[PDB]
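Below you'll find the structure, written out as structure tokens, and then a few comments.
Chain IDs A, B, C and D follow the sequence of writing; residue 1 opens each chain.
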Amino acid sequence: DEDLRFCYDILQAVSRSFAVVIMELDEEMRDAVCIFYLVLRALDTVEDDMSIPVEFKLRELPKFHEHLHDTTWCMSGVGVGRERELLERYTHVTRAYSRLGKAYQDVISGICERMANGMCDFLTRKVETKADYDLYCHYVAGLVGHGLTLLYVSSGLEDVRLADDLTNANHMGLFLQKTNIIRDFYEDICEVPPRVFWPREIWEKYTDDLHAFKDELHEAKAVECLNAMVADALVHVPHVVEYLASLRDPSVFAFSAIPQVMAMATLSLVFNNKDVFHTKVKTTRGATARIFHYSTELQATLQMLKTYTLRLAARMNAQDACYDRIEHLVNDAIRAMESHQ
Amino acid sequence: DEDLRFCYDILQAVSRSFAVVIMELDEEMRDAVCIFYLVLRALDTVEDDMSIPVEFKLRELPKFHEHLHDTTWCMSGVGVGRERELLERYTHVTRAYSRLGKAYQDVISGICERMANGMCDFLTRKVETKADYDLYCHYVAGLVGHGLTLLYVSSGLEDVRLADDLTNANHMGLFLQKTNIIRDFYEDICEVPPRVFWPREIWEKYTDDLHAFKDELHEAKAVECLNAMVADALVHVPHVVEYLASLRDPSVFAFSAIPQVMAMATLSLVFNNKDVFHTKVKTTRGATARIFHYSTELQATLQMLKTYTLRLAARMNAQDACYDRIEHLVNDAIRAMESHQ
Amino acid sequence: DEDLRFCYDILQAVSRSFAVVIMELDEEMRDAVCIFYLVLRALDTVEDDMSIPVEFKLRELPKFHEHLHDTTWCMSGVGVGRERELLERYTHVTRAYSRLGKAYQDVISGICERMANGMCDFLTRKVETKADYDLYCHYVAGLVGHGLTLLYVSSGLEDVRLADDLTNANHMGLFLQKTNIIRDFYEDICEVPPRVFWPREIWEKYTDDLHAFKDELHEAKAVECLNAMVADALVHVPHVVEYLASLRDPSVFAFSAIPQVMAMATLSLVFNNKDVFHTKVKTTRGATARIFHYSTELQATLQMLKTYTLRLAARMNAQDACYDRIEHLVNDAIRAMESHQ
Amino acid sequence: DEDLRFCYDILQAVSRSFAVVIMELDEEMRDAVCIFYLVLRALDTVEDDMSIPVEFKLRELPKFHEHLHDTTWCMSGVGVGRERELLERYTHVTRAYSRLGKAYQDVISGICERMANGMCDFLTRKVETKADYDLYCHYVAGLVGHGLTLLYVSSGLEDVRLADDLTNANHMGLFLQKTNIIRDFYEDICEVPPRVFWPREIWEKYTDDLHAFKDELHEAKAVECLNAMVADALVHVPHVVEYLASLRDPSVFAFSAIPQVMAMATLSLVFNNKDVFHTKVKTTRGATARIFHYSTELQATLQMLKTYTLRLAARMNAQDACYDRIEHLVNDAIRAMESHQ
């Protein structure tokens, strides 16, 4: 009663975005996801902290999922802001966890450990190749796509067949992560220490050092690299459409579609936009408001995704580098969409 | 793409108000409105410059909208400060104008012309009758209402029904225009030569000379004439509510609502306020800040309009001459608001 | 109407600080706050006037909020200047107080009485312990915080919630009053009779007599006692952050944030500074101008509070006898801020 | 601590003017500017000392900046008054200089070296042409503009964009310097050996021997050349305005605007004034007092610059030779001013 209430309060504080979308789910399905999120967040808080030894994480992280049964466990000196409160009072999270369905628990605990190890794998190294990039996204976001899908099936709102092949589920998360990584470029590289996610296998093709983009001097090259990043992101769209088209429950659907449409809308604004290198490109509050309202049923979301992918490809020129490549991806995305119309 | 960055830069440095509100619109719709404003603003510059021969205006103004098809046209020695830069570098406006859909282009070019000739009709005659006052407001503001309405329809964000009867779209324009005309009495009449908009058919019932109000001697007759103006403005409120109540899109709503609420707020401060004759009555940045924040949905903005219409009525008592005339318009206004709550 | 036009004029004269921040508020809101301030300022005139017999206060202060219902009452034999004119013409204050909403009048009448008896307590005893210190501030500053919060709720601009735990509303007043005292050390002790607020429990750990700080010889022990007081105030920073983050209405926030940011800025200047013992340390009019400008929304005021708290913790070295105590209270607040970022 | 205190004291003793204005800045910036000024002032002292041989200056000046990293360096037999003390106890400056942000150090050290060599150049040749006149001013003033501007950017107070085209910054300096040169004519030529700065290119049209102007006989032609100088200075005003309108930070604005308004006020008083050839023309202490008070925000200062330029253009008749050209520069100046009003 009290415990679960803390989760939403801490959730509402930690992630103001997700906290909203999650309200689309029904109480039960909602409580599980809330916990599921927090657990992943608490785990994230331990990694993002750069005031704790590297061999310390490689020690506790892989063992983190075991605390989900230790209602007395908690951490105190890690995290920034509300995140700290989440770990120091992690008790509430584990308290609510114990009361969830055994099935839900196994999924949360399962993904937690799987994601944890992935972080350790990328702690002692960086993202150099595309394969590195795609894998990293799988660990931090992709796995959330699996965890969620599995949670949808365990609830019964979706058919079990939905968990047969989690390739699309992975794409879902990878689309949100890659879109954000692109959008939040400047925001990340300005932090201390500078955060980088863009794969060297891609940005090397346009510069020697990534910090070079923060210069209006190397603007031209900067934009090219950007479009290349977006191009890589659009590869997931067709699969995103497929996944959404396989959902049958209203609650589950809306909750899964909104974040996607959101991403597609953001991806259409950052595309070939030099502003991405000096500010945080965002959509109007009225834009998201429209999305949150019309993304309750497939057909509707499809026309919005359609329009945003059109506005994206409509922001380039024939004699522009990434032209030929982008158009192929646009047609692909639209084909997958019209394929469900 | 560089061209477009000029429109917004010049926009921001020419209209502190519009510059912020316009951001409530999505880039697609935003680019159109941005251009639409500048074109109209460039037109205003020419018409206002009193050093330019009357006949040159009457001759060139009716064909101003034609230079939108000329991507090399511009003006050199006209306007002061930034409005001049707008003309000299008018290139970008016409450049960005071309990169717009036919639908939008025809709307802008269409209204520009209609407004242009409207200004001409008043370059050779003063505003004497109330009809003139309204006709004038139609040309300078009302039409701006038609233009936006059409643009809304043309974008698909609003139902094509919205453009069947542009009557209320005109009331939207007059409310803002008339309010400003009232609020900016002193400033306008102080310019050289003094600019007057208050219809003789109204103030003549309170004074021989309109400048007489600049003197605290005729403060009594001044306020009375002021309340006469405010009344003539409260005739559009009901229609303003009707128009905002027909908008379904968030962006198009917020963008249309905010200015209206801002108007009712200012009108509630100038009403029966002697200070209107020796200073510019404004609303605290906090008040106007609260207006931008809440004016996103029909209900919220409706209770704000009501709040300000009441605060305005409470600033008068039985003995006041206008009392009856005002209470009537106030109720007529509130009844409309309630009709949608 | 002419009474209220007197308050502001005397408000501008009495306080040149509050008189500015109070303009951020809306009309209805602003009027009550002005009366609320004056009624209390007038109370401060009697409580401070030393040439007045100590009993002449103990017998009349408890019965001061009573005169709030006598539109003819007043007092002449007290005051030094503007404060003297206020009481003598107090009529206007109670005059306008009569036209305030029933809800408002009580919040004022309540705190006034609650503050009168509080000042009567210290007119028979001195400030010895920290408890006595925090208690005094509460009476003259914290109570003002209570009243203000009560006014926000009474106005409906804020949630009725805000009135449940007036602990932070108290911390607000304390932080300000404490900063003023820490900064106004010299100005106060340089009077007849000399005014001291610094609690013995704190300065007696560095010197036998407080007037010793007026000497260049006891500078080292003057700074330590200084940094000790600054540490005592930093205890309220975290709480202040909470009260500001609990606000929602633009106007109420600014009017409440600007003063807090000011205090913090001042505190980062008087901290670890010897000049505090022979002059009034102030912030450049440009610095305070920047503050008034950016303290409109939470996030903005936060990064500023942060900046100034970093500027304070930067003016101390490891060899300082308080580094640790302060470097602990610094993150206490910094994290409270990051807790809302 | 002990060193910084010296700088501010040696500063207030060497420059009563600059010492007052610098107080508009925030300590961090203020210290950097304080040190920067001194270094350049110590650099000036060595050059202006006429008792020292030429080869000495041409040897030490070029390496002067190097002494910035030698906390044990100093100079003895050079200069008189407090200036001499600045060199002898130069140790203090280097002490504080080292305790400055490495970003500021490079700017001060950078500008110092450049200005130094420049001074060495004009130590072996007279001011002959306008190209020279402008270059000399660039060395001993323009560079001060670059440095000051560079410091603004390196402080975060101003946008990094402000340091892209330091052409206006240079204009800022030249206007000031040229204004002083014009005003201090009599003083510069009454020393031994007579110091002359007015480029031959300009005073050749009025006489063969510049000293002729000290003689009342040539008053008629002296004043005529005087206006030729004022005309050359005004060429910068438009640029000055541009730079000022480019500032966003309050503290940085006042510090940069005040000196400019001071010059324009002095220029309008020296213009077409014969007294320049026998005494020092100054503004009333009240006038300068008024300037400090209002020169806080663009609008106030802009309309203040206006008032003075008009006061200037109003000190000439209709038959004055300079007439025509003057008004052009004036109107062209007021233009840029209204370009923001």
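Everything below uses one rule, namely that a residue touches a chain if its C-beta (ideal position, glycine included) is under 8 Å from a C-beta of that chain, and two chains touch if they have at least 3 such contacts.
For each chain, UniProt lists the protein as follows: A, B, C, D = Squalene synthase.
Visitor: So which pair out of A-C, B-D or A-B basically repeats B-C, with more than half the contacts the same?
Guide: Equivalent chain pair to B-C in A-C, B-D or A-B: A-B.
Visitor: When C-D is set beside B-D, which has more C-beta pairs in contact?
Guide: C-D
Visitor: Find the geometric centre of each of chain A and chain D from their Cα atoms only, then give the gap between the two centres in Å, rounded to an integer.
Guide: Each chain reduced to its C-alpha mean, chain A and chain D end up 57 Å apart.
Visitor: Round to the nearest whole Å and give the separation of the Cα centres of chain C and chain D.
Guide: Once rounded, the distance between the two centres reads 44 Å.
Visitor: Provide the C-alpha centroid distance between chain B and chain D, rounded to the nearest whole angstrom.
Guide: Going by mean C-alpha positions, chain B sits 48 Å from chain D.
Visitor: Which residues of chain C are in contact with two or more other chains?
Guide: As it turns out, chain C has no residue touching two or more other chains.
Visitor: Line, ring, star, complete or other: which describes how these chains touch one another?
Guide: Graph shape here is other: it fits none of the named patterns.
Visitor: Going by the touch rule stated at the top, which chains touch which?
Guide: Chain-chain contacts present: A-B, A-C, B-C, B-D, C-D.
Visitor: Quick one: in the complex, what on chain A touches chain B?
Guide: 269, 283-287, 289-290, 293, 311
Visitor: Which part of chain D faces chain B closely enough to touch in the complex?
Guide: Going through chain D, the ones touching chain B are 338-341.
Visitor: Considering the complex alone, what residue numbers of chain D touch chain C?
Guide: 23-26, 249-254, 296
Visitor: Which positions of chain A touch chain C when the two form their complex?
Guide: Listed in rising order, the residues of chain A that touch chain C are 80-82, 84-85.
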